[PDB]
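[1] 3D model of this:
(one chain, ligands or ions: 1)
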Amino acid sequence: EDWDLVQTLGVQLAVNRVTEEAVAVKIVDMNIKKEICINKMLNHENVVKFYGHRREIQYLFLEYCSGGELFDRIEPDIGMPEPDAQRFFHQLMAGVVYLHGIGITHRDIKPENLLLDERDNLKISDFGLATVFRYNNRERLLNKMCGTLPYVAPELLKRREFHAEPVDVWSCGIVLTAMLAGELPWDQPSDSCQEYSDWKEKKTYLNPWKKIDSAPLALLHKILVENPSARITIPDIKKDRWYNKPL
Ligand SMILES: NC[C@H]1CN(c2c(Br)cnc3[nH]ncc23)CCO1
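    Numbers count the residues shown, from 1 in each chain. Let me share the structure:
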């Protein structure tokens, strides 16, 4: 059936000639084989749906999110109301639990890859950098460096191998920091970085931590933990106090 390419989104918005259903089409001219492979395993309300692909230049048919990206809900230097931040983080955690549940790591979690549907539901998007980190119940450590510097965990910069799961968790905390303060805390989690050094020294009277409430800030203290082995895990995030706070 015929789809009209209405407009460019980033990827183009497509509308069905008969049903008028909307979808998004990723157009890549020749990573991609794996993107498709991974997309074929994914079925979750907090992950962008994969409809299919055509090998004409390659076409990926992906759920369309009229809400836009999460960054457009963050007023620079301000953030967003705490109740919206929490809801998005709840949904972000649901998405991430699912992926890790079937052994997949996104590896590039950031507001540019968190989309919103019409009810403002968050959808994890773009599995171009994603990889399988558990297969046949065996975990594989990662050694390739992927992601975006401000959202990347510190072990990815100093260690030759690392666990996939705590990396995604760190990035979710960076995203949470952004949702509540409108800014990113550091350019990268390296010790040459004054800002990351200040955090490691508990100077939370500076931004972005000054703008964050003590309850959500206590959770960030647990996520932005340099030792990936001491870093909080997702099941324990779900028991955190701000996480379960009525807002
Ligand atoms: N802002 C990052 C995204 C926004 N994009 C989308 C938008 Br906007 C809405 N739905 C989509 N599905 N897949 C991607 C996508 C296209 C790629 O750029």
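[2] let me know the secondary structure of the closest residue to residue 200 other than its chain neighbours.
    Of all residues not flanking residue 200 in the chain, residue 226 sits nearest, at 6.6 Å (Cβ to Cβ, 6 or more residues apart in numbering). For the C-beta atoms, the positions are set from N, CA and C on the backbone; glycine is no exception. When classified by DSSP: H, G, I helix; E, B strand; the rest coil, residue 226 comes out as coil.
[3] am I right that residue 71 is in a strand?
    No: according to three-state DSSP, residue 71 belongs to no strand; its state is helix.
[4] ok, it - contacts?
    Applying Cβ atoms under 8 Å, 6 or more residues apart in numbering to residue 71 gives the contacts 111, 112.
[5] let's see that with 6 Å instead.
    Contacts for residue 71 (Cβ atoms under 6 Å, 6 or more residues apart in numbering) come out as residue 111.
[6] now residue 62: which helix or strand?
    Under the criterion of DSSP states H and E, residue 62 resides in strand 58-63.
[7] which positions in the chain make contact with the ligand?
    By the rule Cβ under 6 Å from any ligand atom, the part of the chain lying against the ligand is 9-11, 24, 48, 62-65, 68-69, 112, 115, 125.
[8] what are the structural domain limits within the protein?
    1-75, 76-247 (curated CATH domains).
[9] among those domains, show me which one is buried the most.
    domain 76-247 (a mean of 17; mean count of other Cβ atoms under 10 Å).
[10] now it, how far from the chain's geometric center?
    How far domain 76-247 lies from its chain's middle: 8 Å, per Cα atoms, centre = their mean, to the nearest Å.
[11] quote the end-to-end distance of that domain.
    Length of domain 76-247, first residue to last, Cα to Cα, to the nearest Å: 22 Å.
[12] about what we covered before: output the contacting helices and strands for the strand holding residue 62.
    Helices and strands touching strand 58-63, by 3 or more Cβ pairs under 6 Å, 6 or more residues apart in numbering; DSSP states H and E, are strand 22-28, strand 50-55.
[13] tabulate those strands (a markdown table), appending distance to residue 192.
    A markdown table is the format used below for the helices and strands packed on strand 58-63 (distance: least, Cβ to Cβ, whole Å):
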| stretch | distance to residue 192 |
| --- | --- |
| strand 22-28 | 36 |
| strand 50-55 | 40 |
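[14] which stretches of this protein form helices?
    32-41, 82-101, 155-158, 164-181, 194-200, 214-223, 234-237 (DSSP state H).
[15] pull the CA atoms of the second one into CSV?
    When you say that, I think you mean helix 82-101. The C-alpha coordinates for helix 82-101 follow below in CSV (Å, rounded to 0.1, in the frame of the first residue of the first chain):
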residue,chain,number,x,y,z
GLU,A,82,9.1,17.8,38.9
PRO,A,83,5.9,15.7,38.4
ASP,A,84,6.6,15.5,34.6
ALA,A,85,10.2,14.7,35.2
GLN,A,86,9.2,11.7,37.4
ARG,A,87,6.6,10.4,35.0
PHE,A,88,9.1,10.5,32.1
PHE,A,89,11.8,8.8,34.3
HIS,A,90,9.3,6.1,35.3
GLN,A,91,8.6,5.4,31.7
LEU,A,92,12.3,5.6,30.8
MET,A,93,13.0,3.0,33.5
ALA,A,94,10.2,0.8,32.1
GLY,A,95,11.8,1.0,28.7
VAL,A,96,15.3,0.3,30.0
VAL,A,97,14.2,-2.6,32.3
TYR,A,98,12.6,-4.2,29.2
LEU,A,99,15.7,-3.9,26.9
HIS,A,100,18.1,-5.1,29.6
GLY,A,101,15.6,-7.9,30.2
